[PDB]
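> Protein chains in written order, with the authors' numbering: chain B, 1 to 456; chain A, 1 to 456; chain C, 1 to 456. Think of the CB as a built atom: it goes at the ideal place given N, C-alpha and C, for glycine as much as any other residue. Below is one structure. I have some questions about it.
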Amino acid sequence: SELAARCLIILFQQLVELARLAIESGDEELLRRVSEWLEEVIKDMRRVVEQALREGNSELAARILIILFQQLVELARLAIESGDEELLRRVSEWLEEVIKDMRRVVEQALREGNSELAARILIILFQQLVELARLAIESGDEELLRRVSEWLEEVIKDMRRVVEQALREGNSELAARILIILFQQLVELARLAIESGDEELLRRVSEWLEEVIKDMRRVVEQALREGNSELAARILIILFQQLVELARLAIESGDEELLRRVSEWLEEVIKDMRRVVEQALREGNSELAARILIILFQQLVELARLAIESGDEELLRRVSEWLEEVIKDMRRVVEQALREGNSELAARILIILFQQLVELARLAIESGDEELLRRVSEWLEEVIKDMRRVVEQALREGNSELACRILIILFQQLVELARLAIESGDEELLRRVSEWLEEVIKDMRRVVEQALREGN
Amino acid sequence: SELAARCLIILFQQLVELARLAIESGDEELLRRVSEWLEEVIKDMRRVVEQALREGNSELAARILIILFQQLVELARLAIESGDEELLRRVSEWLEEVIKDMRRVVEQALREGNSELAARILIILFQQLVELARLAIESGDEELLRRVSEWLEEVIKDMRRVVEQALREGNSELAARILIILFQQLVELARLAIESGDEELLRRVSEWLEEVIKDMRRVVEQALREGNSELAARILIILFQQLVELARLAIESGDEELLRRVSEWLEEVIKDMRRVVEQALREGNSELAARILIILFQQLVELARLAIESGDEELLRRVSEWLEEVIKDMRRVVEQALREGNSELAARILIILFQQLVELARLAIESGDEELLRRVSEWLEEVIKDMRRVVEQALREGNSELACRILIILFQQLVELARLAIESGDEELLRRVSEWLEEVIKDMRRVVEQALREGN
Amino acid sequence: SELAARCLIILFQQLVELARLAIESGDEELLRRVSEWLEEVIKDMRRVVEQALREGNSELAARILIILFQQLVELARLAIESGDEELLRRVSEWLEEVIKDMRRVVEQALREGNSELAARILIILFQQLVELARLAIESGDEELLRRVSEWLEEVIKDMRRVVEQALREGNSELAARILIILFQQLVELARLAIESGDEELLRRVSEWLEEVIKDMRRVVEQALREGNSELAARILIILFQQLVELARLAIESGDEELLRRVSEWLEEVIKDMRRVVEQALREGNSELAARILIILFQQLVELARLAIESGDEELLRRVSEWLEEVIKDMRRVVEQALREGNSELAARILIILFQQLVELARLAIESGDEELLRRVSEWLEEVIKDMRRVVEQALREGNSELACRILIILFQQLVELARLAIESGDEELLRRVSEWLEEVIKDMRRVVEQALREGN
């Protein structure tokens, strides 16, 4: 059946190539003959798929339909670009038939206990449908787009059941991967709707996005229940990043309604992530706890940048509040690290945070947002105080090397911040930094004293 | 004697370099002194050659004279370009003396039983003479060209005797190589005559070419008598290629008399090749038989292209008849291959032939030659019918894989041919091809059926 | 103490970077604060240097001060370019303090028996002082330049005592290296004075150069007394090259007074070198003796080129006399080599000399200096006669190969010389060369005869 498939697959491809020649030349008589030949090959291929399924080879069965569908979409593209509605009609009907077959192959795969293949089939199909949707969107074919958007919905429902299956199989990893990929594809489809200005499609997708998010949060819950806080974190981190990417599309397009929905989704993810951080701390994994908050903070600053550049004070407000909450958590993680006797990690957390705060400060300085800059400069001060206590700890631990490294890095970062103040002409910030610089110098000189006393 | 030679060779080169300075500056007094120094060195070198020969080192003796001759020709070039007839005279006399020595070294080599060296000496000398001839031709020095053309004749006669020797030694390989190289050099010389428009030189060369061809055909005969049909084929294949190259020169220059002679030579070679194919088949080597006809057909199509582009219907006619004859032979070789149980080779032959026919068809289509296209399209049909029977054979042999590959390749080639018809707007050809495409599809679907029945 | 140093070094660098921002922006208040911070760090660093010395780590102590000094000079550059005399003042005072420390570290190193480190410290310091001097020279700050030139003098005195120490330790190699490097640095400083037109600085440097030369000549004496004629040669060869480089500066600038002094220094070095050649010959090392004269001759020709291009007949006269003296020595070395049975070396010497003479001849020909060309053409003749006797020797030794090589090379060189005569139109030179060419040819033909008689 393998060879049988290969023959028909190659033939079909060659027929489509011949069809292209007929389409471009405008030879309807040849195109007719070829389109009839294409139909005959499809029927054969579907019987080969049947054979493969009867042989217990659902993998091959899937591959055949996947390739065929791709070729049909390629043929559809030719019809769309040429404006041949009759051919496009025939192909769109062929596409539907293949989809139905593929869904039965997915069913078979699930019955065989192969949820992995089942997922892969639907994931590929969905991607191909979105590609076909793009053709409909760009060409402005609402009838085709309608059909595809309905096909997309059906695939999503199947995928969610495959996610359910994966969870029932105890494979929360796969369950996550499916929803993560789907969400990404939905956002890509959303982008097409946003750029084209198709509010109806965007609506449908935004509803699909919401449904996926809810599923993902339950997968995160599952992961946490399985004692896999690492995966739980990864899921939310990826989701948050994707939400920010979607937010960017809303911000640039000026879609406040979508941005609202996403900003609410972002908030929900943050709350989950903070509970995962809590879990990690309860598990004695302060390292992961730190990494989660560090990544989140970076993503929040990136989102803040979008708000700052666009001039969205309402979003910036929300993010700046989220940033504050993360900072407080991070400082408690630093405390934890110090209590664990890990002054190294404690230092690294504050050093990274400070750098990120200075980066955020730069955005405030360049944009001229004194209110944000104020908040950040206060956050910077708080971090410095913590760092100096970590330096103290390091010295008490007999680690004058680390103590030095912390102050050296901090001083460098302060000078970088000073540069921003100097170039912008912000004497108030420069004053604060120059005072911070002095304090660090005094500490460093005491570390030098310590080093000398240690014979180093 | 080795060092002795090296010293004089280097000195002579340096003297020629000094001569160049005198020539370019126009210092006749210095040039005189150097030309006298050159003469003295030559006399010494000839005595070193004598010594080498007396030492039984004919190899060194040859090398000395070969290098000297090259240096003399380089010096001659300086005289020719500067227009110094007095120097050129002296050098041309020196060249003659060296040639006489070299011919005696060739004699020595032959007496030593070293026909290989003997050949190499004359081959190199001939090449150098042709290079010198080029200088005479471009400068328009008929007196020098005359002398060289006489020297060329003398070398040819020697080479033919070396070929005879090689054949008497049972070395038909060397005999072939000598004539092949000589023929190539003669064609190169012919090109110079053709481009310059020297009919007298071209005449002489064309007569020399004829003589070489006759020798080569006897070497082919020898090779066949030795049971070496492979070499016999290679000789005729190379010769034919060289004849077509010579034909191209005649076609582009518009020399119908030369083209006539070559086209007659081409015919004679074809007849020989077909007998070599017969021999190969009688030896049970259908592979070689196929390769010979495949190469010949390709060369004929290349020659046809020249006729088509130039618009020479008479040549094209002759070639198209030659093409037909080759096709008939190839189909019998396919039959043989099938009878030998080698359906793979049978397929390969027809596949290659079909591709070549389509390439020829392209030439007819682009040129608008409906008569040629007709003939080719009929040839294409005949090949298709054969291929379908080979597919049948393959299926009967239980080789559905090969059966598929044949039809897949054929279909691709038909689509390529269809493209030519579509772009040119030839509905009649497109019709024929589209019918051929349908027939192939039906076959392929039966091969798919077979594959499924085989459990593949 | 290592870490302690690293911390302060990094901090100081960062403070200077911050200072740069203040300087460029013109923020005197920030610059003030930083300059005070810089002072505090310096004081700490000097105590770390003290610690390092107390720990017996004079290496680290040196490294700290060397780095600090470099950073201070970088800061000074910022002050100089910005025109901040107040900052420059503070830095120049800091520079002085560091120098005093470094000199005590040098003292320590010497007391530890580490004259190598002692040298390295002063060498680096001197280089940094010259770099600082350059800044003063280009900016036109005579007050800073004065201070630096006094610092340079002090370092030189120290270095000469380190050279003395090295000699007392039996390390004439290091002693040489120190003076060689110092001299090079002095010439570089001289260049700055010459280009800027600072006769007062140039005077001081030229006096320093003289003092170094005297030391170097005593080191050469030492090396000779140690039986190390190789080192003795290398020292004078390098010195001579450096003197010629200094001469070039004088020639291009047109400073006859400096050129006079250098030309006298060149003469003194030549006399020393000739005595080293004598020594080498007495040691049975004719190879080294040759190499010394060959290099010297090349350097003299290079100096001659400068005289020729500048049109300085007085210098050219002196050099041409020096060239003659070297030639006479070389011919005696050739004699020695022949007496040692080393005809190969004898040949190589004359071959190289002849090539150099032809190169010198080219300069005379292109410049049109018939008097120099005459002298060289006479020198060329003398070398040829020697070479022909070396060829004779080689033949008598049964080495016809070498005999050939000598004449072949000579002939090539004669033709190259002939080319110069031909292009320039010098019939008198061309005549002489053409006669020389004839003589070589006759010799070569006899070598060919010999080779044939040898069966080669």
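Under 7 Å between beta-carbons, which chain D residues line up against C/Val390? List them in chain order, please.
Judged by its chain identifiers, the structure shown contains no chain D, and its protein chains are B, A and C.
> Name the chain B residues whose beta carbon is nearer than 7 Å to that of C/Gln14?
What C/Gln14 touches in chain B: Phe411, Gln412, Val415.
> Out of C/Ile270, C/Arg204, C/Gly56, point me to the one whose CA is closest to C/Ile294's CA.
Checking every option, the nearest Cα to that of C/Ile294 belongs to C/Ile270.
> Closest to C/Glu112 by C-alpha separation, out of C/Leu420, C/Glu59, C/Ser35, would be which residue?
Selected option, being the one with the closest Cα: C/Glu59.
> Along chain B, in chain order, which residues have C-beta atoms closer than 9 Å to that of A/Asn456?
Neighbours of A/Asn456 on chain B, chain order: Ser1, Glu2, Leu3, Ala4.
> Between the beta-carbon of A/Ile123 and the beta-carbon of A/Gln185, is there less than 9 Å?
Result yes, Cβ atoms of A/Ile123 and A/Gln185 sit closer than 9 Å.
> If you follow the alpha helix (DSSP H) that C/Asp215 is part of, which residue opens it and which one closes it?
Where C/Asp215 is concerned, the enclosing alpha helix (DSSP H) stretches over 199-225.
> For B/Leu258, go through chain C and note every residue whose CB falls closer than 7 Å to its CB, in chain order.
What B/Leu258 touches in chain C: nothing, since even the nearest Cβ is about 43 Å away.
> Could you give the C-beta distance for C/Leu30 and B/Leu430, rounded to a whole number, given that I count them as a contact under 8 Å?
About 7 Å; that satisfies the 8 Å criterion.
> By the criterion of Cβ-Cβ separation under 8 Å, what are the contact partners of B/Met387 in chain C?
Neighbours of B/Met387 on chain C: none; closest Cβ ~16 Å, over 8 Å.
> Between C/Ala176 and C/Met216, is the Cβ-Cβ spacing less than 9 Å?
In this structure, C/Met216 lies closer than 9 Å to C/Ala176 by Cβ.
> Ends of the alpha helix (DSSP H) at A/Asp158?
Segment 142-168, the alpha helix (DSSP H) holding A/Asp158.
> Within 10 angstroms of the Cβ of B/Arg54, are there 16 or more other Cβ atoms? Answer buried if so, exposed if not.
It is exposed - the Cβ of B/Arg54 has fewer than 16 other Cβ atoms within 10 Å.
> Using the C-alpha atoms, what's the distance from C/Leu145 back to C/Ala133?
Taking the straight line from one Cα to the other gives about 5 Å.
> Closer than 7 Å by C-beta to B/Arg90: which residues in its own chain qualify, once you throw out the five before and the five after it? Chain order, please.
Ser35, listed in sequence order.
> Roughly how many angstroms lie between the CA atoms of A/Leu380 and A/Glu256, to the nearest whole one?
Roughly 32 Å between the two C-alpha positions.
> Does any heavy atom of the ligand GTP sit closer than 8 Å to the C-beta of A/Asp312?
Summarising the ligand content, the structure contains no ligands, and the ligand GTP is consequently not present.
> For B/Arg432, does the count of other Cβ atoms within 10 angstroms reach 16, so buried, or fall short, so exposed?
Burial call: buried.
> So which residues of chain B does C/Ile10 contact, with C-beta pairs closer than 8 Å?
The contacting residues are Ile408.
> Can you list the residues of chain C that B/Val448 reaches, using a CB-CB cut of under 8 Å?
What B/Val448 touches in chain C: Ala4, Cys7, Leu8, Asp44, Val48.
> Give a yes or no on whether 9 Å exceeds the smallest Cβ distance from B/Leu452 to chain C.
Taking Cβ atoms only, chain C reaches closer than 9 Å to B/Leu452, which makes this a yes.
> Using a Cβ-Cβ cut-off of less than 8 Å, give me the residues of the segment 17-40 of chain C that come near chain B, in sequence order.
If the cut-off is 8 Å between Cβ atoms, the segment 17-40 of chain C has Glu17, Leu18, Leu21, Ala22, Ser25, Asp27, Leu30, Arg33, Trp37, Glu40 near chain B.
> Decide yes or no for the touch test of the segment 386-406 of chain B against the segment 442-452 of chain A: beta carbon pairs closer than 8 Å, at least 3 of them.
Counting Cβ pairs under 8 Å, fewer than three are found: no touch.
> Which residue comes first and which comes last in the alpha helix (DSSP H) that contains C/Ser1?
Looking at the DSSP string, C/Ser1 is not in any alpha helix (DSSP H), and its letter there is neither H nor E.
> For B/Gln51, return the contacting residues in chain A, with the cut-off set at a CB-CB distance below 8 Å.
In chain order: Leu452.
> Look at A/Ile80 and A/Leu88 and say whether their C-beta atoms are less than 9 Å apart.
Contact flag set, yes.
> Are C/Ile422 and C/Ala364 close, meaning C-beta to C-beta below 9 Å?
No; because the gap between Cβ atoms is not below 9 Å, this pair is not in contact.
> With three or more beta-carbon pairs closer than 8 Å as the criterion, would you say the segment 328-335 of chain A touches the segment 344-353 of chain A?
The segment 328-335 of chain A is in contact with the segment 344-353 of chain A.
> Alpha carbon to alpha carbon, how far is A/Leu201 from A/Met102? Give it in angstroms, no decimals.
The straight-line gap from Cα to Cα measures roughly 24 Å.
> Pull out every residue of the segment 394-407 of chain C whose Cβ sits closer than 7 Å to any Cβ of chain A, in chain order.
Of all residues in the segment 394-407 of chain C, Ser400, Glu401, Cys404 have a Cβ within less than 7 Å of some Cβ in chain A.
> Give the C-beta separation of A/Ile64 and A/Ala5 to the nearest angstrom, bearing in mind that I take them to be a contact with Cβ-Cβ under 8 Å.
Between A/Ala5 and A/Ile64 the Cβ distance is about 5 Å, and since that is below 8 Å, they are a contact.
> Report buried or exposed for A/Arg261, applying the criterion of at least 16 other Cβ atoms within 10 angstroms of its Cβ.
Classification of A/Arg261: buried, given that the 10 Å Cβ count is 16 or more.
> Using a cut-off of 7 Å between C-beta atoms, extract the partners of A/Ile422 located in chain B.
Under the 7 Å cutoff, chain B gives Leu21, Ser25, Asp27.
> Check the Cβ-Cβ distances between C/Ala347 and every residue of chain A, and say whether any is below 9 Å.
So, not an interface residue.
> Can you pull the chain A neighbours of C/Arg445, defined as C-beta to C-beta under 9 Å?
The answer, in chain order, is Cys7, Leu8, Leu11, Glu40, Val41, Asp44.
> If C/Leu395 sits next to A/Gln51, beta carbons under 8 Å apart, how far is it from one beta carbon to the other, in whole angstroms?
Actually they are not in contact, since the Cβ atoms of C/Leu395 and A/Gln51 sit about 19 Å apart, beyond 8 Å.
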